[PDB]
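A.B. asks: quick one: initial chain(s) of a complex, as found there:
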Amino acid sequence: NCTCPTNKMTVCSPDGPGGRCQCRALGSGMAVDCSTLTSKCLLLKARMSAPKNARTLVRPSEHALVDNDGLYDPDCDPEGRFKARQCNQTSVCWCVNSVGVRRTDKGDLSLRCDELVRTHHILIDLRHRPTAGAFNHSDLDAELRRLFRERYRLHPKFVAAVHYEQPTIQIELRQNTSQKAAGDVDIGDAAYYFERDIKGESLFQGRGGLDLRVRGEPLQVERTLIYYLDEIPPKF
């Protein structure tokens, strides 16, 4: 059955040699490894994706803005990760980090981003709809570390810590470039998948969002904040 479980934003078909199941990335057309997480850049491209022939639809405008200014259509290198320079505009350019947020001040078409700066620490701040009381910190740590271990296939050594107090929860992810091995999922990719699941727009095939139950009681998260820390501080 032609599926891409880890990335639903794909188009597959049994149009392969001997009925083989080919599958490609929505929008970008890039190759997708459906066993593991797809890089955040290709998923962003698939998010915008500019439908091929609207026919009866209407486009977005030259002046129509969206809620999130950090939403755009990036250019992804032949490995899947972002390119160091993202010029989605007429002549306006800038430099981005691994997770795809802006690292410099907007320049022109003569800009030159040398290296793709690595976002090595990520802090995910969640706040859940207040239940009658608070949970136990141990169960929350167990559930969240298990989530990144199994669901997003992030190695347990990359979950630096989990902090809990009244409603507001925090999750630390620490992945240096020196401690990233062959075929390891990126904490940026895992954080993107986790924010999409938390916000009910999961990239997996079967699911629709995130269940996130802690010892029988569910956990519905109102507010989410995600901070990205780069090895080289951005130059503003």
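C.D. replies: Ah, there it is. Numbers count the residues shown, from 1 in each chain, chains lettered A, B, ... in the order given.

A.B. asks: And chain A, what are its domain boundaries?
C.D. replies: Here the domain assignment for chain A is A:1-37, A:38-117, A:118-236, based on curated CATH domains.

A.B. asks: could those be laid out in TSV, adding mean neighbour count?
C.D. replies: From N, CA and C alone the C-beta is placed, and that goes for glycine too. Listed next are the domains of chain A as TSV, based on neighbours: other C-beta atoms under 10 Å:
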stretch	mean neighbour count
domain A:1-37	15
domain A:38-117	15
domain A:118-236	16
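
A.B. asks: any idea how far residue A:79 lies from residue A:57?
C.D. replies: 33 Å (C-beta to C-beta, to the nearest Å).

A.B. asks: residues contacting residue A:24?
C.D. replies: A:10, A:11, A:12, A:30, A:31, A:32 (C-beta atoms under 8 Å, 6 or more residues apart in numbering).

A.B. asks: Farthest pair within those residues?
C.D. replies: Of all pairs drawn from the contacts of residue A:24, the widest gap by C-beta to C-beta lies between A:12 and A:30 and measures 13.6 Å.

A.B. asks: contacting residues for residue A:14?
C.D. replies: Contacts of residue A:14 by C-beta under 8 Å, 6+ apart are A:2, A:20, A:21, A:22.

A.B. asks: Identify, from the residues you listed, the entry nearest to residue A:157.
C.D. replies: Nearest to residue A:157, judged by C-beta to C-beta, of the contacts of residue A:14 is residue A:21 at 33.6 Å.

A.B. asks: Now that that closest one has come up, it's in contact with residue A:4, right?
C.D. replies: No - applying C-beta atoms under 8 Å as the test, residue A:21 and residue A:4 come out as separate, 9.3 Å apart.

A.B. asks: following sequence is chain B, add it:
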Amino acid sequence: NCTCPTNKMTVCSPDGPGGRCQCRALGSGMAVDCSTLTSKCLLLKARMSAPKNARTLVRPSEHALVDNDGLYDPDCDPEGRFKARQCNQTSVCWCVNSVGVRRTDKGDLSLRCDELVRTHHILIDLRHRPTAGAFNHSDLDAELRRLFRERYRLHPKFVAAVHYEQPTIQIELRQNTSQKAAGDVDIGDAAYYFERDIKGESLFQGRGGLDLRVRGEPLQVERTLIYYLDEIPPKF
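C.D. replies: Once chain B is put in with the chains from before, the structure reads:
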């Protein structure tokens, strides 16, 4: 068995969901369709491909030149075809047709190639090593139309004509945009596969070169000339 019969310039491995076979294009990392022909642009990216870590290998000198002046690493749009504007890396840019050869005078980074011009007529001019006599026009016509029908998976109507005289053979392919349907292989891609099989660098898995036998008598080709005709004439 993880194999791509139509594109040998790919990297497959059974690391797909439940041991599924995923394959991706060399050099570009783009998704490939291994049942049919891959676009000439992705194969052009694969041809040069700048090996990932030379270690003991090298990079060709910045003053070193190659036999063909029209070989370069192109930018391929999401669908696989060439981007209308090609800039190898520098402040020199130009516009191309669908087959990738140049159309306009070399300019600068402000160039605006408004549309991707189609190549609608392709003429292949072969000259074979002289045997004791010539062949029959009928057998040559049948064999070449059969080769483009079965092997390159080109619909028979797109092979406009076949001409024969003393050694020199000609093949005329004709394909407008109006007569290209859903999932029709392009005359550019079929011609590129033909010219890689003619020169002994076949893009198929099992084969290495073109057998090209006409009623038994093997046909070895010395010289090949392939002319590309664009719907809009190239402006120089």
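
A.B. asks: same question on the contacts of residue A:24, but with chain B included?
C.D. replies: Neighbour list for residue A:24: A:10, A:11, A:12, A:30, A:31, A:32, B:31 [criterion: C-beta atoms under 8 Å, 6 or more residues apart in numbering or on different chains].

A.B. asks: now, which of those residues sits nearest residue A:220?
C.D. replies: residue A:10 (28.8 Å).

A.B. asks: residue contacts, the closest one?
C.D. replies: A:4, A:23, A:24, A:25, A:26, A:32, A:34, A:46.

A.B. asks: and it, how far is that from residue A:132?
C.D. replies: 42 Å.

A.B. asks: now residue A:178
C.D. replies: In terms of C-beta to C-beta, residue A:178 sits 45 Å off from residue A:132.

A.B. asks: Now do the same contact list for the closest residue to residue A:176 other than its chain neighbours.
C.D. replies: Of all residues not flanking residue A:176 in the chain, residue A:120 sits nearest, at 5.2 Å (C-beta to C-beta, 6 or more residues apart in numbering or on different chains). Taking C-beta under 8 Å, 6+ apart, we find residue A:120 in contact with A:174, A:175, A:176, A:177, A:187, A:229, A:230, A:231.

A.B. asks: go again using 6 Å as the cut-off
C.D. replies: Contacts for residue A:120 were tallied using C-beta atoms under 6 Å, 6 or more residues apart in numbering or on different chains; they are A:175, A:176, A:231.

A.B. asks: and it, which of the three is it?
C.D. replies: strand (DSSP: H, G, I helix; E, B strand; the rest coil).

A.B. asks: quick one, phi psi at the residue at minimal distance from the centre of chain A?
C.D. replies: Residue closest to the mean C-alpha point of chain A, counted by C-alpha atoms, centre = their mean, is residue A:192 at 2.0 Å. Here is the backbone geometry of residue A:192 (degrees, to the nearest 10): phi -60, psi -50.
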